[PDB]
Amino acid sequence: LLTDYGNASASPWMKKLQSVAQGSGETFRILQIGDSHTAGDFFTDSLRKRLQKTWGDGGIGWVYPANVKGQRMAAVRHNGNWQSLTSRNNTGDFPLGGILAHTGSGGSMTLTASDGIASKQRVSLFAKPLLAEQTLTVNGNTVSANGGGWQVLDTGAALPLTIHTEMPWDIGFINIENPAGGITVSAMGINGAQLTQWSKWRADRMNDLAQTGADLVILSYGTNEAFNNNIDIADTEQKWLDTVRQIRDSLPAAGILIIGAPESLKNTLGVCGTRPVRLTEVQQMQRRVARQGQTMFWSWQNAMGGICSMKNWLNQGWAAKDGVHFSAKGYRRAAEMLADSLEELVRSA
């Protein structure tokens with residue numbers, strides 16, 4: 001299921017994960033960026049709870065600044081007055097990930113962890129203040145910008161977290177990491193997104209990517225590319241290759257895992273089919289990019305039983321009625337196979 005077209009065992013990130021597994025106390029950061037399967041958080045949260053039991057709870061990682069309509073965070077509940085906006089249907093000066101929230105004046109947001117937390121955690125925010133040296137507060141502590149523009153505010157707090165803004169700010173993702181180290185899985189999804197649609201994000205998005213501190217980037221797209229009957233594979237392959245090349249430029253020390261689209265059905269009509277017309281070209285392309293870019297490739301379709309399997313998963317309650325999206329227990333099944341593959345790769349070093 002997992003093919004390594006690079007050199008996993010020799011990699012700097014491998015060495016970091018190993019070090020964390022003995023309890024170096026560092027944080028190993030997994031950042032999954034992708035479409036609806038990522039945006040729902042069922043895949044990533046299942047992945048999170050497993051790799052955290054295996055190698056340590058590093059915290060929730062990077063989460064939304066506010067509720068995002070039709071999208072989901074599993075590790076935090078949001079309660080407040082900020083208004084989110086995403087690159088899905090809209091234009092905006094987006095930080096990496098396509099999500100921001102307007103705090104407005106006298107704004108307020110509380111993040112409460114679905115489980116237990118206790119102590120001070122490391123907190124980091126993508127933020128952009130209206131005025132240059134502006135402030136907000138985090139559990140009552142004044143936290144200050146330096147100059148204007150998008151930037152990362154480094155602070156510390158315990159959960160639950162309350163962020164007060166007297167005057168307007170735009171807030172991106174928020175990082176929340178356990179100081180004792182371990183693993184974080186961060187879900188940066190947009191419903192319906194394609195990998196090339198990072199272009200909708202601000203020009204410095206890669207400078208944001210470098211700041212996420214990710215040690216392993218999981219790129220999970222392909223489903224909606226496959227739904228464009230008129231997609232141009234060669235050009236798409238170039239832009240995909242360019243994205244891999246740029247991730248490597250600004251995250252020189254990270255692993256890259258490309259998850260090939262799972263089987264989707266244009267029609268659940270008839271036993272087996274019918275697949276989208278361009279699904280196989282897309283799937284194949286994703287593997288070519290993985291090998292040329294020397295990345296890891298995990299075949300979601302092969303994890304399902306290969307071709308003509310989505311109908312099986314549909315019948316078994318693993319997939320949603322539409323034949324594209326999965327059920328919550330369907331995603332848990334997929335992600336667990338991936339976690340399997342990962343631990344398998346690690347143990348073999």
# chains A, B, ... in the order shown; residues from 1 in each chain; ligands from 1
$ residues_around --residues "residue 104 (chain A)" --least-positions-apart "4" --cutoff "12 Å" --atoms "only C-alpha atoms" --output "number ranges by chain"
A: 80-84, 108-109, 129-130, 136, 164-171
$ residues_around --residues "residue 293 (chain A)" --least-positions-apart "6" --cutoff "9 Å" --atoms "only C-alpha atoms" --output "number ranges by chain"
A: 5-6, 241, 244-245
$ residues_around --residues "region 35-41 of chain A" --least-positions-apart "5" --cutoff "7 Å" --atoms "only C-alpha atoms" --output "list in words"
residues 71, 72, 73, 74, 187, 188, 189, 190, 191, 192, 193, 194, 220 and 221 of chain A
$ write_last_selection --atoms "C-alpha atoms" --output "PDB file, in the first residue's frame"
ATOM      1  CA  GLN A  71     -16.150  21.299   8.076  1.00  0.00           C
ATOM      2  CA  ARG A  72     -15.070  19.775  11.283  1.00  0.00           C
ATOM      3  CA  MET A  73     -12.474  19.752  14.013  1.00  0.00           C
ATOM      4  CA  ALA A  74     -12.553  16.652  16.228  1.00  0.00           C
ATOM      5  CA  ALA A 187      -5.908  18.790   9.303  1.00  0.00           C
ATOM      6  CA  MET A 188      -5.827  21.549   6.689  1.00  0.00           C
ATOM      7  CA  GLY A 189      -8.687  20.587   4.408  1.00  0.00           C
ATOM      8  CA  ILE A 190     -11.023  22.483   2.149  1.00  0.00           C
ATOM      9  CA  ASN A 191     -14.217  20.832   0.923  1.00  0.00           C
ATOM     10  CA  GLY A 192     -13.977  20.167  -2.801  1.00  0.00           C
ATOM     11  CA  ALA A 193     -10.461  21.609  -3.158  1.00  0.00           C
ATOM     12  CA  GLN A 194      -7.829  20.535  -5.691  1.00  0.00           C
ATOM     13  CA  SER A 220      -4.372  14.288  -0.059  1.00  0.00           C
ATOM     14  CA  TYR A 221      -6.229  15.384  -3.210  1.00  0.00           C
TER      15      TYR A 221
END
$ residues_around --residues "residue 31 (chain A)" --least-positions-apart "4" --cutoff "6 Å" --atoms "only C-alpha atoms" --output "list in words"
residues 185, 186, 214 and 217 of chain A
$ write_last_selection --atoms "N, CA and C atoms" --output "PDB file, in the first residue's frame"
ATOM      1  N   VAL A 185      -1.057  15.649  14.543  1.00  0.00           N
ATOM      2  CA  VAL A 185      -1.643  15.520  13.217  1.00  0.00           C
ATOM      3  C   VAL A 185      -2.548  16.719  13.019  1.00  0.00           C
ATOM      4  N   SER A 186      -2.219  17.543  12.039  1.00  0.00           N
ATOM      5  CA  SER A 186      -2.997  18.737  11.768  1.00  0.00           C
ATOM      6  C   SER A 186      -3.780  18.614  10.461  1.00  0.00           C
ATOM      7  N   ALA A 214       6.216  21.530  10.095  1.00  0.00           N
ATOM      8  CA  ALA A 214       5.810  20.173   9.760  1.00  0.00           C
ATOM      9  C   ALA A 214       7.022  19.303   9.437  1.00  0.00           C
ATOM     10  N   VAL A 217       4.595  16.065   5.481  1.00  0.00           N
ATOM     11  CA  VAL A 217       3.470  16.692   4.829  1.00  0.00           C
ATOM     12  C   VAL A 217       2.717  15.612   4.082  1.00  0.00           C
TER      13      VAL A 217
END
$ residues_around --residues "region 252-267 of chain A" --least-positions-apart "2" --cutoff "8 Å" --atoms "only C-alpha atoms" --output "ChimeraX atom specification"
/A:8,11-13,214-223,244,247-250,269-270,273-276,279,283,286-287,290,295-301,304,306-310,322-324
$ atom_distance --atom1 "CA of residue 339 (chain A)" --atom2 "CA of residue 251 (chain A)"
22.6 Å
$ closest_residue --among "A:116, A:70, A:107, A:213" --to "residue 184 (chain A)" --atoms "only C-alpha atoms"
A:213
$ residues_around --residues "residue 145 (chain A)" --least-positions-apart "2" --cutoff "10 Å" --atoms "only C-alpha atoms" --output "NGL selection string"
:A and (127-129 or 131-136 or 143 or 147-154)
$ write_last_selection --atoms "N, CA, C and O atoms" --output "CSV table (one decimal), in the first residue's frame"
chain,number,residue,atom,x,y,z
A,127,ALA,N,-1.7,35.3,12.4
A,127,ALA,CA,-2.5,36.5,12.6
A,127,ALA,C,-2.1,37.7,11.8
A,127,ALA,O,-0.9,37.8,11.4
A,128,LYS,N,-3.1,38.5,11.5
A,128,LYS,CA,-2.7,39.8,10.8
A,128,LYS,C,-3.6,40.9,11.3
A,128,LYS,O,-4.8,40.9,11.2
A,129,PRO,N,-2.9,41.9,12.0
A,129,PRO,CA,-3.7,42.9,12.7
A,129,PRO,C,-4.1,44.0,11.7
A,129,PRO,O,-3.4,44.2,10.7
A,131,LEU,N,-3.9,47.3,12.4
A,131,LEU,CA,-2.9,48.3,12.6
A,131,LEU,C,-1.6,47.6,13.0
A,131,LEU,O,-1.7,46.5,13.7
A,132,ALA,N,-0.4,48.1,12.7
A,132,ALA,CA,0.8,47.5,12.8
A,132,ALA,C,1.2,46.9,14.2
A,132,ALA,O,1.2,45.7,14.4
A,133,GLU,N,1.4,47.7,15.2
A,133,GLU,CA,1.8,47.2,16.5
A,133,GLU,C,0.7,46.7,17.5
A,133,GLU,O,0.8,46.8,18.7
A,134,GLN,N,-0.4,46.2,16.9
A,134,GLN,CA,-1.7,46.0,17.6
A,134,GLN,C,-1.5,44.8,18.5
A,134,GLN,O,-0.6,44.0,18.4
A,135,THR,N,-2.4,44.7,19.5
A,135,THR,CA,-2.4,43.6,20.5
A,135,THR,C,-3.7,42.9,20.5
A,135,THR,O,-4.8,43.4,20.1
A,136,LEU,N,-3.7,41.6,21.0
A,136,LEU,CA,-4.9,40.9,21.5
A,136,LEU,C,-4.5,40.3,22.8
A,136,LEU,O,-3.3,40.4,23.2
A,143,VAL,N,-0.7,40.0,24.0
A,143,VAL,CA,0.1,39.4,23.0
A,143,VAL,C,0.2,40.4,21.8
A,143,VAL,O,-0.9,40.8,21.3
A,147,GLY,N,5.1,44.9,13.7
A,147,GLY,CA,4.8,45.4,12.4
A,147,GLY,C,3.4,44.8,12.0
A,147,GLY,O,2.8,44.1,12.7
A,148,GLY,N,3.0,45.2,10.8
A,148,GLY,CA,1.7,44.6,10.3
A,148,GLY,C,2.0,43.4,9.5
A,148,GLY,O,3.1,42.8,9.5
A,149,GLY,N,1.0,43.0,8.7
A,149,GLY,CA,1.1,41.8,7.9
A,149,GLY,C,0.8,40.5,8.6
A,149,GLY,O,0.8,40.5,9.8
A,150,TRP,N,0.6,39.5,7.8
A,150,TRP,CA,0.5,38.1,8.4
A,150,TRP,C,1.7,37.7,9.2
A,150,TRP,O,2.8,38.1,8.7
A,151,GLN,N,1.6,37.0,10.3
A,151,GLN,CA,2.7,36.6,11.0
A,151,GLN,C,2.3,35.5,12.1
A,151,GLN,O,1.2,35.2,12.2
A,152,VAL,N,3.3,35.0,12.8
A,152,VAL,CA,3.0,34.0,13.8
A,152,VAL,C,3.3,34.6,15.2
A,152,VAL,O,4.4,34.9,15.5
A,153,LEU,N,2.2,34.6,16.0
A,153,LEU,CA,2.4,35.0,17.4
A,153,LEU,C,2.7,33.8,18.2
A,153,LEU,O,1.9,32.8,18.3
A,154,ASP,N,3.9,33.8,18.9
A,154,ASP,CA,4.3,32.7,19.8
A,154,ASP,C,3.9,33.1,21.2
A,154,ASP,O,4.4,34.2,21.7
$ closest_residue --among "A:175, A:54, A:79, A:24" --to "residue 344 (chain A)" --atoms "only C-alpha atoms"
A:54
$ closest_residue --among "A:302, A:124, A:236, A:19" --to "residue 55 (chain A)" --atoms "only C-alpha atoms"
A:19
$ residues_around --residues "residue 21 (chain A)" --least-positions-apart "3" --cutoff "10 Å" --atoms "only C-alpha atoms" --output "PyMOL selection string"
chain A and resi 15-18+24-26+28+54-56+182-183
$ closest_residue --among "A:27, A:89, A:294, A:246" --to "residue 181 (chain A)" --atoms "only C-alpha atoms"
A:27
$ atom_distance --atom1 "CA of residue 93 (chain A)" --atom2 "CA of residue 43 (chain A)"
28.0 Å
$ decode --residues "region 275-286 of chain A" --atoms "C-alpha atoms" --output "PDB file, in the first residue's frame"
ATOM      1  CA  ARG A 275     -15.968   5.471 -12.197  1.00  0.00           C
ATOM      2  CA  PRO A 276     -15.327   9.031 -13.382  1.00  0.00           C
ATOM      3  CA  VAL A 277     -13.830   9.084 -16.841  1.00  0.00           C
ATOM      4  CA  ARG A 278     -10.555  10.721 -15.793  1.00  0.00           C
ATOM      5  CA  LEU A 279     -10.139   9.022 -12.404  1.00  0.00           C
ATOM      6  CA  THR A 280      -7.472   6.562 -13.575  1.00  0.00           C
ATOM      7  CA  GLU A 281      -5.360   9.158 -15.370  1.00  0.00           C
ATOM      8  CA  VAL A 282      -5.381  11.233 -12.198  1.00  0.00           C
ATOM      9  CA  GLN A 283      -4.548   8.266  -9.987  1.00  0.00           C
ATOM     10  CA  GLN A 284      -1.667   7.272 -12.244  1.00  0.00           C
ATOM     11  CA  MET A 285      -0.351  10.802 -12.440  1.00  0.00           C
ATOM     12  CA  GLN A 286      -0.255  11.056  -8.625  1.00  0.00           C
TER      13      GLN A 286
END
